[PDB]
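Peer 1: sequence, then the experimental structure. Questions to follow.
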Amino acid sequence: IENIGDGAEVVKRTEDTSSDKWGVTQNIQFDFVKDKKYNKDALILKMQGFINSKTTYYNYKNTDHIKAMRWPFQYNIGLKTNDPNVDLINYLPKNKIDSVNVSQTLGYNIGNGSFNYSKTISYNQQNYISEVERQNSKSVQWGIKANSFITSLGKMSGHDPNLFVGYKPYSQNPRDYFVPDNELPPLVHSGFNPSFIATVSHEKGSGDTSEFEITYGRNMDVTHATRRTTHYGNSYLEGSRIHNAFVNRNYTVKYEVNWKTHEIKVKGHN
Amino acid sequence: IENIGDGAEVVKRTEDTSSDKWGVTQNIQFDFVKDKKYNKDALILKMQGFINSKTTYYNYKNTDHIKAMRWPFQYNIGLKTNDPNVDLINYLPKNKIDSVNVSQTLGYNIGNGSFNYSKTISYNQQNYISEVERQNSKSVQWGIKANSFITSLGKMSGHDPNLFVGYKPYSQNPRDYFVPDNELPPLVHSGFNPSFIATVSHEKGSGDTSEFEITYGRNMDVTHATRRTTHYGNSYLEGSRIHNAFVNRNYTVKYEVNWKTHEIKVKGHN
Amino acid sequence: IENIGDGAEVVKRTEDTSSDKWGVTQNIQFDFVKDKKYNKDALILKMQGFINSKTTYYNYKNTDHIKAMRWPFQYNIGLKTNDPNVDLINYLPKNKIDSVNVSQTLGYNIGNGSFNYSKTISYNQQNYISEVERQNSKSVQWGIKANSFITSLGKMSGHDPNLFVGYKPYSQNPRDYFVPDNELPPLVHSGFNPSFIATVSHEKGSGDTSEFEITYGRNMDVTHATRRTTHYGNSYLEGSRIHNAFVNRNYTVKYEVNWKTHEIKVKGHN
Amino acid sequence: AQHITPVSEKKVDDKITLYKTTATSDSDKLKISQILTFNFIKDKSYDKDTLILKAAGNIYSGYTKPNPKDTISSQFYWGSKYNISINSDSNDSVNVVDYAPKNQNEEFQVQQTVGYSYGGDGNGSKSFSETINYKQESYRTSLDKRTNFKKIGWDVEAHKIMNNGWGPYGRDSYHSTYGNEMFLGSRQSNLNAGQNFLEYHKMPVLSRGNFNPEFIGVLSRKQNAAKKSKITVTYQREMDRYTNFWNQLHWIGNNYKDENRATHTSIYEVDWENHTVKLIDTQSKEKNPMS
Amino acid sequence: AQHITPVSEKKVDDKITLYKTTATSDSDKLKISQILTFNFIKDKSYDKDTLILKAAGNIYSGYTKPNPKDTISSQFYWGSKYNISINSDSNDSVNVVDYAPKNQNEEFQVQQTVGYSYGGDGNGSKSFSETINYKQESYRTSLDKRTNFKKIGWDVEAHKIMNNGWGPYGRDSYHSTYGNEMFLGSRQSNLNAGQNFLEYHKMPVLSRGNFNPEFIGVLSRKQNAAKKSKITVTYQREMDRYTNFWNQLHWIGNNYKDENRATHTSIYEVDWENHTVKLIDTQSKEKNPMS
Amino acid sequence: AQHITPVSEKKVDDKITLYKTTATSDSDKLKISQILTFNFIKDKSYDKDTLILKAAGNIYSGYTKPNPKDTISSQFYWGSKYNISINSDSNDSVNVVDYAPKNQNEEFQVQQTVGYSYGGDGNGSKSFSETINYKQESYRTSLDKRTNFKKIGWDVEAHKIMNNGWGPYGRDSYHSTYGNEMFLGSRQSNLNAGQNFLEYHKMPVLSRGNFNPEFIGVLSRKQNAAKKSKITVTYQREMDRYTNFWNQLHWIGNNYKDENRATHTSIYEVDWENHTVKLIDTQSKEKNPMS
Amino acid sequence: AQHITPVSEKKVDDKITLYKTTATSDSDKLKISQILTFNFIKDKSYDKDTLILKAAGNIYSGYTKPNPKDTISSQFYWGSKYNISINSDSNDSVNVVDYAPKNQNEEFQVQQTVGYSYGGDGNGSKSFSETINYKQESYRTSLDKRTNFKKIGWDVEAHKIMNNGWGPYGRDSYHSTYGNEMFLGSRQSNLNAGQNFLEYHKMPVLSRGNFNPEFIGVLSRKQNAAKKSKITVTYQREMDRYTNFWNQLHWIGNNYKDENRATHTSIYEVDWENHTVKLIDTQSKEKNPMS
């Protein structure tokens, strides 16, 4: 099959909009597609930019021995329109069927005899996994969520309550209750550079403009590192989590797309 | 060498014919090849479609402790014509010479001394193997036969009498005497999507039409799972096979090829 | 981005100049680049040629049991101009961020139990490493320095004091106190064939000529091999180093580049 | 698979003319969305119209979180099998001629080693081992048995599901002490039943999140036939109910197959002369909705 | 990352016209050199000018050799973090639309093996192991938090530093007996403090030698805006002070973060109609120079 | 193998004109089918006609199932060697100039390891091992000794045959107790002789099923010669008789080589001016048919 | 190595005109043969003529078989080092501007593993290992020290020679009991000395057979210079004498370096306007011929 846009002339427009309050920039490229073989108007939106992690470290109220790290468990990327004459006709990335390589060995060794079994699974992982949380003909929302992190003795999950808990149980500095920056992944210590794409159609010679809203943002967890002490006097830090502590800290911008003149107006932003 | 059809213009026709009684669809594409370098008429037949496995499960007559699974041990794909002015001049796939990678090690370790030998063979297998059962200048018949299946402790052959025998010796449901669907290969639980190709010539400006018959179908085995019990009271299922229990359950369609007008008529079917 | 010179017509000139005193040849290719898209004059200099290692072996003054090997620890390649209307706008090679492949395994084996840890780093090395010692908009200097050498029991560093120390502690020949030629790398026993590239711009229709100086040469270390003897009468050689014993043994040539006529004049050389 | 198209075929001027269109249909209540892309092909070498139909979009798994207060016994629904089908109508002249994907005659690698050994100064040993290497998908796609000359259907079914290093399990796994342990958290937990399941994020995404289908059907239409016809597309999920139970000694798990289904069927009218597809009928149903 | 540009796009005659230029700025005292290459793109499909800016050249690490006579306690500075940023001004119509590199959602390979064994004629064993494979960079590049629609900035920070087979260490590594051992020569040396650091040549080149940056910023400018604008480029290094100390029993190491910084900021005037860039302002500073 | 044709050769307009044809010949009684494809090449750079002949089709192995009632002694025929040859006649001007495949100067990989070891706090050990890696074909193709300037012939012979993990065996394998065990089911079976052979489906397909040959001969013909000539194609199989025997203590196997042969020789008349091939003569024979 | 030539360079019409020629010179008595191929290039972008010279052909190793009757002491010559050089004359305007191959800054792979282990129910272990992987050539090529702006010379020298699993050895290997054992058959043989060397066929081919050189020199000539000039090509071998000796207890080996040399120098007259090369002078010598 040939996708809408293959073989087409493009008219390119860009808009770049930033929010100081949310710490987000949306760098959106709109390619109006003049696909002579398609009977609708078509636009491809490339959604890029930068969402600061806003990771922060602070002392728990009225104690010296519980400190906090507030960090982005998930990043949010969404596209929506209410225009009934518009459909979402493609988007990337999509969810895929989970796959692994298996190797299974059975064997024996008859000298004193013996049977052996061995089975290995092997697969790739990433710090953050992107999943489609919801999608219909007018919108698609992705969640980019903490998944798997290399640490000194193996890997830890994005749900482990001790993730990021550090090494210095008597420090007064809240930063020191958590692992240092070179042990943090870039999506926690600096932020995320989304790259998402959607293709939308519009019923021809109806209207002037359609409104699209693009939302980028974060859901923050809080990890509490609490000093605990063995009976025999040894002190270390233990993690607990408020999962989904600050949800939908999101920057939404509205764009008005003029299908005939290939213009964009950036209207509102929250 | 350049094959007949390389460099040629094609005239494409398709026919799709299904049988409810046999559970088969034949989706045949005919490409008449206008090869200006060849001194005969030429047609390439791509033989695709779908043959339902028709796997079924039932209780053996007058007992509660033998149950049956009837399943396609082999699928049948055949092409024939009786027209003396036609030859089969190519077909795919063909039988190949069986090959394996070998690694052989000999060694010693003189400390208490010792000689060691090791030899590894490695090769690929598939659930079903395709073999040419017979081929001459007017016909070719393939058999696509149960070969090798991954199970929990290794692989089992398409001839092993315990293949597919399951886990639940007191169930009343015949399905439960056999391994579940996610342990069955797709060619047993759903069916086969053949993809075979033949090239045929025809002596020019003789006739109008030639008749070809294309046969797709299955040979079914029956596995009987029988509850057996150890002296000390343990019950499990043991398999036995009727091999070739229901042979040539086949759907044959006749096609009349008009070489000059590039038409196909689908005449009879059984 | 498209580099200056991509898509351009070239005017090629070569100069080859050798020094018997320093044992150096500079084979320089000048490609004046007629890049119609660029608003400055542009020249690409490919700097090749040959710098003899000048490795030598001699007896230490007034003793029979210390002998010396003088050898190039580093080779020097430099390009400079003083012309304010010229900039260096590219050069190769550049320093890169150091990277390694890691594999880390943790495991256990509960029979008598046991925990195991294993960590492997893997990376490539070369006999001599090239580093940018200094670079600004008028000059770039590389040092090509002894780094890592295969020997019988592993590898040795370019800083190890026993590097190249040989096997024959009673020989009278100084050569015999050092490992033979087939255990020396080609950059110590024969010399170095530099291959460096720089791109320079020049502000258009200002001047006639700019002067560039290209310096090739060596910094020599001396290894002293000293016969030592165990209490129980065994003799072997031990290395010590004068590091940077003979520094900047360099051959500098001046070239006058005429930007309008695409000529080169080789003026001075030291 | 074989390929009919000959090496360096001679094509006539403008052999292929392609027209594109798209059409969608959503059921917001079921969270199912059909996003269809069409290529109509006019091909001078061929006496029929071709329509390539890509069926994409979304089918939610229908997963429901267990109630964490359930104490002795808990349960949840999860998406165990999906079905997509494209069909034309028996009175029209439109056939399904090709489609992807197709059933897999699966392949795997085998390696078999024999070793012998003799050491004295003594004794011997023989070795044998067999290794198999293969890819394992958590859900597997095959053809639906209603496939025929006018209908292509695919089933995407839970296949090999890992549970914290145990398994793989499937919809019928069975342990004579513990039952179906596919999503059982642990055998001895002192957690509430509602809290003793495999963590949500470890379940495969097809079982708890959104399936994003991508199927292709290829249809032909005779040139003499009426210019409009109808094509029906069905996207459906089927849900099993996974349960646990504390029997005083330990946890048991059970998986009940095909406890609910949710289905979205759309009919489009295809105009083969104007190359347009319009949705004309939609139907959504659920065998046992909550409430 | 995704790509907007469709398969076999139809381009108009002379879609792209490209103009090139370069401009440089040096601070000889800091050993920092900005070597900038520009491509101005006039693109008929687009209503703005594009400028692709490659930022290359040199930033010395600011490393200082320790004094070998230091006997009980020694120290040196080393380059722990670099920063490069490109920005336009809030009153002009020039935005930063794209850039490379971007933040890495890092990937790694996992392999998990279970083994069982039973041998008599006896006994059993279970095995488990988990292997992770990944690339490890001595310094890592990420976005600077001041990035927005008018500014792109990157931070290149000491990441995983090996010390004669020990480590990797970083700027905050910590051992409750030995401190931060990142560049400590050995725990028990009888060398002077000044001589008991990791050999210079084993340190990573970004920590002791020259960083050669290569960053790309892509800017857009509205066609109606004034024809000249200004672009500011900052290249900066930040230095930590690594120390050792002999405490009578053994050596301790310490790493003090952000003990100095050296920064070179240049402003260029960009003429978007003539496609020229000229340096108009340069600023160099160092928080705590030696002396 | 080397190649004469120089880098970016200058070709004249219409250097090559190619004509194709095919011709077949079957022996239904022997189950042998010759399916021949021809390319006649007129080449302005060359003063002869070229004919490329691909010889394909089918040669049954001649395998016969053993009778399962045979009790003490049984036997069957299996296909041990095939032969294909193409030749022209000594009075005509047609030569065989090239062909494929050719004899293989076989290649393999070698790896040799020495290990030493010393451990106390003691003792030492030396190791040596040698590994060879190679591909092993069940049947091997080489040239027939009658190959000359007017005839190319290939022999495809049983090579390395595995028997349930034992072997590889061939037509002359020999064990001083058990004989040739190539297709012996087991040494101690209490099955009838007729039932104590390697299962049919484990035998290689060339030994029990159909060989599908693919050979290429390239012939030249002088332009001055008569326009028609004859080309003879022979497809043949040779069969060994594998036997077992129960000697009271255990099973013996034997393989008797060249116990029968079946051959199909066809002569075609080739018209080199009209580019046609017609079958004019066919001959089938079998040295010892059953009955 | 770097490359000057820019991405998609704009070439003028007929930028390059190439002329080819060849010229040879043999010394049948030394078994040395120079087979030279020339490309003269006229290049409108360049103000000089270019000549690419490939130097190929044969240089025998000068190996001599040992006499098998030698009883206590034997010896033979073998080819230990070859030299090829191309030069122009100091009064002409022809320079050597480039050549291949060049000196190798050799590369190798390193892998270092640490392992720890703790097992009770006990004890620990630390592991360390280091593996190096590299290619090993039996003879190595480097530049000759007389290389300058008018002369390129290469030396091909015995490098790493294996002796039945022992070694690698080279021309100076040394064992304080056995001497240089590079081609010693065995330490304790009771064979005659003449028969106690490594079998001929196991020696590397450069040491006992024919070297087939392939070197490239690239020369430039100013357009204003005289139209003819001379180019001198030297092919030379140098031979060591390998010896063994029975000392009553065991065998000793010795290798004497540079015991003979054989050299073939040819001068060609190159006409740069007509693009012809003619041999005008040949010289052959051998420092110590047999007799």
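Peer 2: Done, it's in. Numbers count the residues shown, from 1 in each chain, chains lettered A, B, ... in the order given.
Peer 1: residues contacting stretch A:210-217, please?
Peer 2: With CB atoms under 8 Å, 6 or more residues apart in numbering or on different chains as the contact definition, stretch A:210-217 has outside contacts at A:22, A:24, A:26, A:28, A:45, A:47, A:49, A:51, A:75-83, A:85-86, A:194, A:200, A:202, A:248-257, A:259, A:267. For every residue, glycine as well, the C-beta is placed using N, CA and C.
Peer 1: could you check how far it is from the centre of its chain?
Peer 2: 16 Å (CA atoms, centre = their mean, to the nearest Å).
Peer 1: please save the CA atoms from that stretch in CSV.
Peer 2: Extracted in CSV, the C-alpha atoms of stretch A:210-217 (Å, rounded to 0.1, in the frame of the first residue of the first chain):
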residue,chain,number,x,y,z
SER,A,210,-9.6,23.3,12.1
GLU,A,211,-8.3,23.6,15.5
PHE,A,212,-5.7,21.1,16.9
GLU,A,213,-4.5,20.9,20.4
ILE,A,214,-1.1,19.5,21.2
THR,A,215,-0.3,18.7,24.8
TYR,A,216,3.2,17.9,26.1
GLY,A,217,3.9,17.4,29.8
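Peer 1: ok, back up a step: of the contacts of stretch A:210-217, which are in range of chain C?
Peer 2: When the contacts of stretch A:210-217 are checked against chain C using CB under 8 Å from any CB of the partner chain, none falls in range.
Peer 1: out of the residues you listed, which are buried?
Peer 2: Listed as buried from the contacts of stretch A:210-217 are A:22, A:24, A:26, A:28, A:45, A:47, A:49, A:51, A:75-81, A:83, A:86, A:194, A:200, A:202, A:249-253, A:255, A:257, A:259; burial here means 16 or more other CB atoms under 10 Å in any protein chain shown.
Peer 1: beta-bridge partners for residue A:216, please?
Peer 2: residue A:77, residue A:251 (DSSP bridges).
Peer 1: the stretch 151-291 of chain D against chain B: which residues are in contact?
Peer 2: Residues of the stretch 151-291 of chain D found near chain B (CB under 8 Å from any CB) are D:155, D:157, D:158, D:159, D:160, D:170, D:171, D:172, D:173, D:174, D:220.
Peer 1: does residue A:128 touch residue A:147 like I think?
Peer 2: Yes: with contact defined as CB atoms under 8 Å, residue A:128 reaches residue A:147; the gap is 5.8 Å.
Peer 1: circling back: the residues of the stretch 151-291 of chain D next to chain B also near chain C: which ones?
Peer 2: Applying CB under 8 Å from any CB to those, none is adjacent to chain C.
Peer 1: hmm, back to that, out of residue A:128 and residue A:147, which sits in the busier spot?
Peer 2: More neighbours surround residue A:128 than the other of residue A:128 and residue A:147, with 23 against 18 (other CB atoms under 10 Å in any protein chain shown).
Peer 1: how about that one, phi and psi?
Peer 2: Phi and psi for residue A:128, reported as degrees, to the nearest 10, are phi -120, psi 140.
Peer 1: what is the burial count for the closest residue to chain B within chain A?
Peer 2: Residue nearest to chain B within chain A (CB to the nearest CB): residue A:106, separated by 5.4 Å. Per other CB under 10 Å, the neighbour tally for residue A:106 reads 19.
Peer 1: so of the contacts of stretch A:210-217, which ones are in strands?
Peer 2: Secondary structure assignment by DSSP state E places A:24, A:26, A:28, A:45, A:47, A:49, A:51, A:75-81, A:86, A:200, A:202, A:248-257, A:267 of these in strands.
Peer 1: point out the residues in the stretch 151-291 of chain D that sit beside chain E.
Peer 2: residue D:165.
Peer 1: my bad, should have said the stretch 151-270 of chain A
Peer 2: A:154-155, A:167-168, A:180-183, A:185-187, A:189-193, A:195-197.
Peer 1: farthest residue from the center of chain D?
Peer 2: The centre of chain D is farthest from one residue, residue D:121, which by CA atoms, centre = their mean lies 62.7 Å away.
Peer 1: tell me how far the closest residue to that one other than its chain neighbours lies from residue D:137.
Peer 2: Distance criterion CB to CB, 6 or more residues apart in numbering or on different chains; nearest residue to residue D:121, sequence neighbours excluded, is residue B:113 at 4.7 Å. Between residue B:113 and residue D:137 the distance is 50 Å, computed by CB to CB, to the nearest Å.
Peer 1: what about whatever residue of chain A ends up closest to chain E, how many residues close to it?
Peer 2: For chain A and chain E, the shortest gap (CB to the nearest CB) falls at residue A:114, measuring 3.0 Å. Other residues lying near residue A:114 total 18 when counted by other CB under 10 Å.
Peer 1: in contact with it, which residues?
Peer 2: So residue A:114 contacts A:108, E:117, E:118, E:119, E:120, E:122 (CB under 8 Å, 6+ apart).
Peer 1: all strands for the stretch 1-150 of chain D, in order.
Peer 2: Ranges of strands in the stretch 1-150 of chain D, per DSSP state E, counting those that start in this stretch, are D:16-27, D:32-43, D:48-60, D:73-87, D:94-100, D:107-119, D:123-137, D:139-143.
Peer 1: between those strands, which one is nearest to chain B?
Peer 2: strand D:107-119 (3.0 Å).
Peer 1: within the sheet, what are the partner strands of that closest one, with directions?
Peer 2: strand B:115-126 (antiparallel), strand D:123-137 (antiparallel).
Peer 1: just send the ones you listed back as a markdown table, with mean neighbour count too.
Peer 2: What follows is those, written out as a markdown table (neighbours: other CB atoms under 10 Å in any protein chain shown):
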| stretch | mean neighbour count |
| --- | --- |
| strand B:115-126 | 16 |
| strand D:123-137 | 16 |
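Peer 1: please report phi then psi for the closest residue to chain G within chain A.
Peer 2: Closest residue of chain A to chain G, CB to the nearest CB: residue A:153 (11.2 Å). Dihedral angles of residue A:153 (phi, psi; degrees, to the nearest 10) stand at phi -110, psi 50.
Peer 1: mind listing what it touches?
Peer 2: So residue A:153 contacts C:106, C:117 (CB under 8 Å, 6+ apart).
Peer 1: OK, now which residue of the stretch 101-250 of chain D is nearest to chain A?
Peer 2: For the stretch 101-250 of chain D, CB to the nearest CB, closest residue to chain A: residue D:129, 3.0 Å.
Peer 1: grab the nearest non-local neighbour of that residue.
Peer 2: Residue D:129's closest residue in space is residue A:107 (CB to CB, 6+ apart), at 3.0 Å.
Peer 1: how many neighbours does the residue in the stretch 101-250 of chain D that chain C sits nearest to have?
Peer 2: Among the residues of the stretch 101-250 of chain D, residue D:165 lies closest to chain C, at 12.9 Å counting by CB to the nearest CB. Neighbourhood size, residue D:165 [other CB under 10 Å]: 10.
Peer 1: swap in the one 5 residues further on?
Peer 2: Residue crowding around residue D:170 was assessed by other CB under 10 Å; the count is 23.
Peer 1: any idea how far it is from residue D:157?
Peer 2: 9 Å.
Peer 1: list the buried residues of stretch A:173-183.
Peer 2: Within stretch A:173-183, the residues scored as buried using 16+ other CB under 10 Å are A:174, A:175, A:176, A:177, A:178, A:179, A:180, A:181, A:182, A:183.
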